[PDB]
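K.L.:
Supplied in structure tokens, the structure appears directly below.
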Amino acid sequence: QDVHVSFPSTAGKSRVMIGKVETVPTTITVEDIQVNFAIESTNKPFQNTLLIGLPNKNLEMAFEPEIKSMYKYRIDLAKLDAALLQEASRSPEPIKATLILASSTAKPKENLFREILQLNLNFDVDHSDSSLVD
Amino acid sequence: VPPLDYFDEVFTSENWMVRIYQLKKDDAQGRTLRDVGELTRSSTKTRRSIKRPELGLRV
Amino acid sequence: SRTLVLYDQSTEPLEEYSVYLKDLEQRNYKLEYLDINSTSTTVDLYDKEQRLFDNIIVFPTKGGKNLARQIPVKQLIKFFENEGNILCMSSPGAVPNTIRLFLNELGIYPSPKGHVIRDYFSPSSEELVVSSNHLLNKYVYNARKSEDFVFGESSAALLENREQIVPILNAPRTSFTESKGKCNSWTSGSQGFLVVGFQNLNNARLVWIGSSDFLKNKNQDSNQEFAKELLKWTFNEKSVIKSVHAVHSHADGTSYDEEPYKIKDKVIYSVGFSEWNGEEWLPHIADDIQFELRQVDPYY
Ligand SMILES: *[C@@H]1O[C@H](CO)[C@@H](O[C@@H]2O[C@H](CO)[C@@H](O[C@@H]3O[C@H](CO[C@@H]4O[C@H](CO)[C@@H](O)[C@H](O)[C@@H]4O)[C@@H](O)[C@H](O)[C@@H]3O[C@@H]3O[C@H](CO)[C@@H](O)[C@H](O)[C@@H]3O[C@@H]3O[C@H](CO)[C@@H](O)[C@H](O)[C@@H]3O[C@@H]3O[C@H](CO)[C@@H](O)[C@H](O)[C@@H]3O)[C@H](O)[C@H]2NC(C)=O)[C@H](O)[C@H]1NC(C)=O
Ligand SMILES: *[C@@H]1O[C@H](CO)[C@@H](O)[C@H](O)[C@H]1NC(C)=O
């Protein structure tokens with residue numbers, strides 16, 4: 001088994017929390033840097049990916065760290081966002097984070113694919129005539 | 001004197017007094033006109049270089 | 001409409017791609033078979049600044065000096081600036097070299113050999129099956145009902161953000177890519193693409209397919225419909241647009257030449273369109289088109 005923590009360590013006044021609203025994770029807690037550490041939940045190792053974005057517009061990006069036990073999935077909202085926010089701010093839709101944990105052994109029940117945040121940010125819309133949107 | 005890529009010479013007079021250059025029409029595949037001139041002009045720097053590039057998200 | 005194929009004997013037989021070829025012959029094309037494992041050049045695409053063949057389709061080879069002898073990169077560029085059409089594919093077991101440098105020079109990046117995609121949520125664990133709710137574009141093939149296309153071991157590509165890229169099919173949202181190591185090295189998620197297209201100025205089209213066993217005789221039951229539709233889109237047989245003459249005049253009958261325009265008055269503007277489905281020109285109906293009256297800066 002393992003436990004995994006998460007935290008943005010942002011550079012602004014944003015990301016109010018919502019929460020989550022088969023092989024389910026138990027819960028998530030907030031210690032309010034600004035760690036959003038969950039409790040243990042596991043199915044299998046060898047695949048681990050955090051997906052930030054939205055699939056209605058087919059736009060997302062993937063973060064794959066590990067410090068293994070416990071995991072760290074830090075998500076900087078200053079440098080590691082390029083044009084996802086500029087789509088997210090026009091039409092107000094909550095961007096999502098989703099956890100992938102699986103492997104090849106034939107345990108269909110023991111697979112994990114479920115979003116565990118529904119966050120909503122407001123830093124700035126801030127079009128700088130960045131053409132590469134539409 | 002380095003070479004230019006986006007223009008090309010069309011007429012140049014007898015005692016080199018008037019020189020007339022013409023804008024080169026845009027590239028038919030989206031490539032920047034500096035990169036195609038560097039590709040043609042320098043047939044050296046051959047390599048394998050199997051590494052993934054750093055791209056933004058296709059939006 | 002002379003085509004020209006390129007096949008390698010060592011990897012696949014040529015009769016394995018049979019039922020899509022000669023139906024391709026049925027609407028008055030003419031083929032030209034051409035080996036790569038027989039040492040004689042005999043292929044001059046351009047003769048005395050005249051291009052000979054209209055089309056090229058290739059088949060996956062294991063690199064080699066033979067393909068670099070037949071057609072290097074600069075004949076693909078000078079062939080493709082003069083409205084020639086290309087259907088090309090690759091494989092995870094064998095990625096050629098000049099094809100990869102040609103496509104990286106265009107603006108799409110296919111993954112090299114050894115990298116292979118896989119999915120741990122698919123209902124079959126041997127092949128890789130993609131459902132028919134991933135199709136991005138609509139004017140190339142529109143899925144009528146739910147289907148399941150079968151690939152084999154296959155590669156993915158990741159591309160730039162230009163005006164001319166036309167992506168057709170996508171990866172599943174829970175996919176990744178592995179080399180001999182253990183990560184998601186090349187692409188990961190639904191940012192890898194498996195059938196992409198490319199149009200350009202002086203309209204000419206090419207398509208890249210990221211899988212070998214997509215046009216096999218043995219697999220013809222599952223995806224017979226999709227393959228025929230790509231083979232129509234690539235060869236400029238569907239979705240082409242012609243423009244009728246555009247006029248403008250005064251509100252009344254008088255033309256611009258007889259009374260040139262004053263600072264303000266009433267004009268109109270009209271245009272007309274046409275679409276070719278292979279046999280006749282038919283009217284094309286689209287809800288939105290737009291008119292711009294600009295000096296350096298749009299006014300209207
Ligand atoms: C000598 O030579 C000079 C150089 O060749 C000539 O100078 C040029 O003049 C023109 C107009 O005289 C200038 O165009 C201006 O640009 C300003 C500046 O805006 C800013 O521009 C910079 C780039 O310079 C840009 O980076 C910024 O983002 C910012 O936009 C602009 O505010 C003006 O409005 C106009 O810009 C446009 O005008 C055209 C139509 O004129 C439109 O396509 C466009 O939408 C835009 O705004 C319009 O405004 C009109 C009235 O102002 C209005 O009729 C339109 O409907 C339209 O939009 C409006 O916007 C307002 C508020 O936003 C709303 O209330 C309204 O409802 C509606 O939405 C040009 O920049 C300048 N060039 C240079 C290099 O300086 C000079 O004319 C010449 N001398 C002579 C001939 O005597
Ligand atoms: C293909 O190439 C190999 C390598 O030279 C050669 O030995 C073989 O005879 C060729 N032909 C076939 C049908 O394999």
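Within each chain, counting starts at residue 1; across the structure tokens, chains are named A, B, ... in the order shown, with ligands numbered 1 upward in that order.
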Write out, as JSON lines, each residue of chain C that has an atom at most 9 Å from ligand 1, together with the closest pair of atoms and their distance in Å to one decimal, counting only C-alpha atoms and all ligand atoms, rows going by chain and rising number.
P.N.:
{"residue": "C:294", "atom": "CA", "partner": "ligand 1", "partner_atom_place_in_ligand_line": "43 (O)", "distance": 7.8}
{"residue": "C:296", "atom": "CA", "partner": "ligand 1", "partner_atom_place_in_ligand_line": "70 (C)", "distance": 8.6}
{"residue": "C:297", "atom": "CA", "partner": "ligand 1", "partner_atom_place_in_ligand_line": "43 (O)", "distance": 5.0}
{"residue": "C:298", "atom": "CA", "partner": "ligand 1", "partner_atom_place_in_ligand_line": "43 (O)", "distance": 4.0}
{"residue": "C:299", "atom": "CA", "partner": "ligand 1", "partner_atom_place_in_ligand_line": "43 (O)", "distance": 4.6}
{"residue": "C:300", "atom": "CA", "partner": "ligand 1", "partner_atom_place_in_ligand_line": "43 (O)", "distance": 7.2}
K.L.:
Would you mind listing what lies within 8 Å of segment 69-80 of chain C as a ChimeraX atom specification, with only C-alpha atoms counted and same-chain residues fewer than 4 positions away left out?
P.N.:
/C:41,43,45-46,51,65,84-85,98-99,101-102,204
K.L.:
Keeping only N, CA, C and O atoms, write the selected residues as a tab-separated table (two decimals), in the first residue's frame.
P.N.:
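New file part-v1.tsv:
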chain	number	residue	atom	x	y	z
C	41	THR	N	17.35	1.59	-60.20
C	41	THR	CA	16.69	2.83	-59.77
C	41	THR	C	15.33	3.02	-60.43
C	41	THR	O	14.30	2.94	-59.75
C	43	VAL	N	13.21	5.10	-61.25
C	43	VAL	CA	12.14	5.94	-60.70
C	43	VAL	C	12.59	7.39	-60.80
C	43	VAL	O	13.42	7.85	-60.01
C	45	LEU	N	10.75	10.75	-60.63
C	45	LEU	CA	9.49	11.42	-60.39
C	45	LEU	C	9.38	12.65	-61.28
C	45	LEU	O	8.34	12.92	-61.87
C	46	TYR	N	10.49	13.37	-61.38
C	46	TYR	CA	10.54	14.58	-62.18
C	46	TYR	C	11.52	14.41	-63.33
C	46	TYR	O	12.68	14.10	-63.11
C	51	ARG	N	6.61	16.76	-63.73
C	51	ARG	CA	6.37	15.70	-62.76
C	51	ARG	C	5.55	14.62	-63.45
C	51	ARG	O	4.71	14.91	-64.30
C	65	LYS	N	19.41	1.66	-47.25
C	65	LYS	CA	20.00	2.50	-48.29
C	65	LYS	C	19.17	2.51	-49.56
C	65	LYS	O	19.35	3.41	-50.39
C	84	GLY	N	1.21	16.95	-55.52
C	84	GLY	CA	1.22	15.50	-55.48
C	84	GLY	C	0.71	15.04	-54.14
C	84	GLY	O	0.84	15.74	-53.14
C	85	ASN	N	0.12	13.85	-54.10
C	85	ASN	CA	-0.58	13.38	-52.91
C	85	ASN	C	0.09	12.14	-52.35
C	85	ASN	O	0.54	11.28	-53.10
C	98	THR	N	14.28	8.57	-43.67
C	98	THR	CA	13.97	9.74	-44.48
C	98	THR	C	12.51	10.15	-44.34
C	98	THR	O	12.19	11.33	-44.48
C	99	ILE	N	11.63	9.19	-44.09
C	99	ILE	CA	10.23	9.51	-43.83
C	99	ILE	C	10.11	10.28	-42.53
C	99	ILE	O	9.36	11.25	-42.44
C	101	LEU	N	12.45	12.15	-41.06
C	101	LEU	CA	12.99	13.50	-41.19
C	101	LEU	C	12.12	14.37	-42.09
C	101	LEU	O	12.04	15.59	-41.88
C	102	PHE	N	11.46	13.77	-43.09
C	102	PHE	CA	10.50	14.50	-43.90
C	102	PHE	C	9.30	14.98	-43.09
C	102	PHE	O	8.88	16.13	-43.20
C	204	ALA	N	-2.96	20.34	-51.57
C	204	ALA	CA	-2.43	19.00	-51.79
C	204	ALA	C	-2.30	18.35	-50.43
C	204	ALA	O	-1.88	18.99	-49.47
K.L.:
Quick check: residues of chain B within 10 Å of chain A, only C-alpha atoms, returned as number ranges by chain.
P.N.:
B: 56-59
K.L.:
For the selection just defined, write its residues with N, CA and C atoms to a file, as a PDB file, in the first residue's frame.
P.N.:
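Result written to out_27.pdb:
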ATOM      1  N   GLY B  56       4.189  22.939 -26.814  1.00  0.00           N
ATOM      2  CA  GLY B  56       2.976  23.264 -26.105  1.00  0.00           C
ATOM      3  C   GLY B  56       1.837  22.357 -26.524  1.00  0.00           C
ATOM      4  N   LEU B  57       0.710  22.526 -25.845  1.00  0.00           N
ATOM      5  CA  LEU B  57      -0.459  21.694 -26.073  1.00  0.00           C
ATOM      6  C   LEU B  57      -1.138  22.101 -27.372  1.00  0.00           C
ATOM      7  N   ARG B  58      -1.509  21.114 -28.188  1.00  0.00           N
ATOM      8  CA  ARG B  58      -2.281  21.391 -29.394  1.00  0.00           C
ATOM      9  C   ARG B  58      -3.676  21.838 -28.989  1.00  0.00           C
ATOM     10  N   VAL B  59      -3.993  23.105 -29.224  1.00  0.00           N
ATOM     11  CA  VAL B  59      -5.308  23.612 -28.878  1.00  0.00           C
ATOM     12  C   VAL B  59      -6.088  23.909 -30.147  1.00  0.00           C
TER      13      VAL B  59
END
K.L.:
Please return as a list in words the residues found within 10 Å of ligand 2, counting only C-alpha atoms and all ligand atoms.
P.N.:
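Using only C-alpha atoms and all ligand atoms, I find these residues within 10 Å of ligand 2: residues 8, 9, 10, 11, 13, 35, 36, 37, 38 and 39 of chain C.
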K.L.:
If we count only C-alpha atoms and set the cut-off at 9 Å, which residues sit around residue 11 of chain B, ignoring sequence neighbours fewer than 5 positions away in its own chain? Please answer as a list in words.
P.N.:
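Those residues are residues 18, 19, 20 and 21 of chain B.
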K.L.:
With a distance threshold of 12 Å and counting only C-alpha atoms, extract the residues of chain C near chain B and express them as a PyMOL selection string.
P.N.:
chain C and resi 73-74+77-78+80-83+97-98+100-101+103-115+157-167+184-193+198-205
K.L.:
How far is it from atom CA of residue 284 of chain C to atom CA of residue 144 of chain C, in Å with one decimal?
P.N.:
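Atom-to-atom, atom CA of residue 284 of chain C to atom CA of residue 144 of chain C, that is 21.3 Å.
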K.L.:
Please identify all polymer residues within 12 Å of residue 11 of chain A, counting only C-alpha atoms, omitting same-chain residues fewer than 2 positions from it, and present them as a VMD selection string.
P.N.:
chain A and resid 8 to 9 13 to 15 33 to 34 75 to 81 121 to 124
K.L.:
Could you state the separation of atom CA of residue 88 of chain A and atom CA of residue 130 of chain C in Å, given to one decimal place?
P.N.:
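Computed distance, atom CA of residue 88 of chain A to atom CA of residue 130 of chain C, equals 28.5 Å.
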K.L.:
For residue 86 of chain A, work out the shell of residues within 8 Å, counting only C-alpha atoms and skipping chain neighbours fewer than 4 positions away, then give it as a list in words.
P.N.:
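So, after excluding close chain neighbours, the residues are residues 90, 125, 126, 127 and 133 of chain A.
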K.L.:
Could you pull out all residues of chain B with a DSSP call of helix (DSSP H, G or I) and give them as a list in words?
P.N.:
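Matching residues, listed in order: residues 33, 34, 35, 36, 37, 38, 39, 40 and 41 of chain B.
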K.L.:
Residues of chain A were defined as contacting chain C if any atom lay at most 9 Å from it, counting only C-alpha atoms; please report them as a list in words.
P.N.:
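Here is what falls inside 9 Å: residues 46, 47, 51, 55, 58, 59, 60, 61, 62, 64, 100, 102, 103, 104, 108, 111, 113 and 132 of chain A.
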K.L.:
Can you measure atom CA of residue 250 of chain C to atom CA of residue 269 of chain C for me? One decimal in Å is fine.
P.N.:
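Computed distance, atom CA of residue 250 of chain C to atom CA of residue 269 of chain C, equals 9.1 Å.
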K.L.:
Run DSSP on the backbone and grab whatever in segment 7-58 of chain A lands in strand (DSSP E); send it over as a ChimeraX atom specification.
P.N.:
/A:48-54
